[PDB]
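To start, the structure itself, in structure tokens.
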Amino acid sequence: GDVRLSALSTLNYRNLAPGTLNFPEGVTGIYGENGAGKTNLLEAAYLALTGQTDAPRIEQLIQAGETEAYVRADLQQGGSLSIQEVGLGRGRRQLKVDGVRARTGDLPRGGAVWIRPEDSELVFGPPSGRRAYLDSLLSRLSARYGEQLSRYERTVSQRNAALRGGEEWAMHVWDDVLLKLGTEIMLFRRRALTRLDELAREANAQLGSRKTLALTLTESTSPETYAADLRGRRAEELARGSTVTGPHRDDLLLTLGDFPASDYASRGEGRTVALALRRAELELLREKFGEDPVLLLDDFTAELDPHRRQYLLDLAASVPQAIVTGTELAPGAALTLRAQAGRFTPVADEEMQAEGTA
């Protein structure tokens, strides 16, 4: 009855040998050398499960010499099978759910969470990365949000081009649209913030921090003054050649023991905060859907703190299903695979295959 990714197949997907893999309930551990394509399997899974990608360019996902790629996820929730497919090519990501052309919205239970070895950049990196964290999560929570955000981004782009091209007389043509969409986006973010703050605070504590982690939003405007602010900062926007009002300008502020984490958190504290953000993402999806997202744990061996590494492995064992990669096998997994040159092959684990041996 839990959801499960029962199989993943790819063809022409960057750094993956074409083929299929069948995954059991519980943890599938995958080990191999740096460069064997482990992260790309997780990326492909995340794409099939959520319709999202880290790639700045879709062509980056397609094997050299090929012009299209294909990913297929088989999902089993109870006795119900579902099929999620993604076709890639020509800058385009085409989804299908159960054989029918689909929008992102027809994808179900907050499909996956992908914990990534670069996640400390959420703490120490630029505002754009924290907007991407929030936008990604909120788009998984709500189809409407994803559509609004997409339309908003394109509309801001037109406004900014009007400014930069010296067509400032024409700059306000879409301000009604930006008001409406910008307000909805800001409000969705405020709604989620209440729970994300609580969830990240708890995860940070459970990870052993004795400092309080708090999330707040740094906002360019408010719903109540958005229209006034938008229009009222014209002189500034003419000077800058850019739009200075709206959620594309905002940030998720991370405060740890009353100081800005970006500037005062140690490297270890930063790793803990970043993991707390992923745990809060997981739990917020779980609370919304009463359905556990598939956990994609990318390079657990890159976590060099024993306790925090063990937390990741325990979390993976705790959920109905996780796919865990690293340079060595995750102990106790339902299935273990070795990654070589983008090909995944089972290996024996005598500790987990001792049933029916007598």
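The rows are residues; the columns are (1) within 24 Å of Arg130 (Cα to Cα); (2) among the basic types (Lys, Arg); (3) in a loop (DSSP other than H, G, I, E, B).
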position	(1), (2), (3)
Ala280	yes, no, no
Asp292	yes, no, yes
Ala354	no, no, yes
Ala358	no, no, yes
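For the range 201-237, which positions are aliphatic (A, V, I, L, M), in contact (Cβ under 8 Å) with a residue 40 or more places away in the chain and more than 25 Å from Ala265 (Cβ to Cβ)? Scanning the range 201-237 gives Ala227, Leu230.
Looking at (1) closer than 25 Å to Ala341 by Cβ; (2) surrounded by fewer than 19 Cβ atoms within 10 Å (Cβ to Cβ); (3) within 20 Å of the chain's Cα centre (by Cα), which is the one condition that is false for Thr20? For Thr20, the exception is condition (3).
Closer than 24 Å to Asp299 by Cα, in the same structural domain as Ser9 (by CATH), out of contact with any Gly (no Cβ under 7 Å at 6 or more places or on another chain) and charged (D, E, K, R): does that describe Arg57? Criteria met by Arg57. For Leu122, the conditions (1) among the aliphatic types (A, V, I, L, M); (2) out of contact with any helix residue (DSSP H, G or I) (no Cβ under 8 Å at 6 or more places or on another chain); (3) within 23 Å of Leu315 (Cβ to Cβ) are fulfilled apart from (2).
Could you tell me whether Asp258 is without any contact (Cβ under 8 Å) to a residue 24 or more places away in the chain and over 21 Å from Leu149 (Cβ atoms)? No.
Can you name every residue in the range 171-208 that is surrounded by 14 or more Cβ atoms within 10 Å (Cβ to Cβ), of a type in the set (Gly, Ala, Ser) and out of contact with any strand residue (DSSP E or B) (no Cβ under 9 Å at 6 or more places or on another chain)? Matches in the range 171-208: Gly182, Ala192. Among the candidates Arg72, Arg57, the residue that is surrounded by fewer than 23 Cβ atoms within 10 Å (Cβ to Cβ), in contact with a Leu (Cβ under 8 Å, 6 or more places away or on another chain) and of a type in the set (D, E, K, R) is uniquely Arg72.
On the stretch given as the range 114-168, residues that are over 30 Å from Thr272 (Cα atoms) and among the polar types (S, T, N, Q) total 6.
A single entry from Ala45, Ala143 fulfils the requirement of being in the same structural domain as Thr28 (by CATH), within 17 Å of the chain's Cα centre (by Cα) and among the aliphatic types (A, V, I, L, M): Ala45. Set side by side, the residues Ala334, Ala330, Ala317 differ, and just one is of a type in the set (A, V, I, L, M) and either more than 26 Å from the chain's Cα centre (by Cα) or buried (at least 20 other Cβ atoms within 10 Å of the Cβ) (or both), which is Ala330. With respect to the conditions (1) assigned to a helix (DSSP H, G or I); (2) touching a residue at least 40 places away in the same chain (Cβ under 8 Å), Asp263 lacks only one, and its number is (2). A residue that is touching a residue at least 60 places away in the same chain (Cβ under 8 Å) and either touching a strand residue (DSSP E or B) at 6+ places or on another chain (Cβ under 7 Å) or outside the structural domain of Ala170 (by CATH) (or both) can be found somewhere in the range 244-251.
Which residue out of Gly65, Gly129, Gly105 is outside the structural domain of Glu281 (by CATH), part of a helix (DSSP H, G or I) and either of a type outside the set (S, T, N, Q) or buried (at least 18 other Cβ atoms within 10 Å of the Cβ) (or both)? Walk me through it before giving the result.
Details: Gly65 fails: part of a helix (DSSP H, G or I); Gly129 fails: outside the structural domain of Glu281 (by CATH).
Step by step, each of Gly65, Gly129, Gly105 is checked, and only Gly105 is outside the structural domain of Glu281 (by CATH), part of a helix (DSSP H, G or I) and either of a type outside the set (S, T, N, Q) or buried (at least 18 other Cβ atoms within 10 Å of the Cβ) (or both).
Every residue in the range 4-22 that is of a type in the set (A, V, I, L, M, F, W, C) and either in contact with a helix residue (DSSP H, G or I) (Cβ under 9 Å, 6 or more places away or on another chain) or within 18 Å of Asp299 (Cα to Cα) (or both), please. Residues satisfying the conditions are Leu5, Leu8, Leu16, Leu21. Restricted to the range 108-126, and to residues there that are in contact with a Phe, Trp or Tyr (Cβ under 7 Å, 6 or more places away or on another chain) and not in a loop (DSSP other than H, G, I, E, B), the residue that is farthest from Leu297 (Cα to Cα) is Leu122.
Counting neighbours? That spans all protein chains shown, and the Cβs are built from the backbone with ideal geometry, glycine included. Numbers and lists here come from the model and the stated rules, or from a named source; no laboratory instrument gave them.
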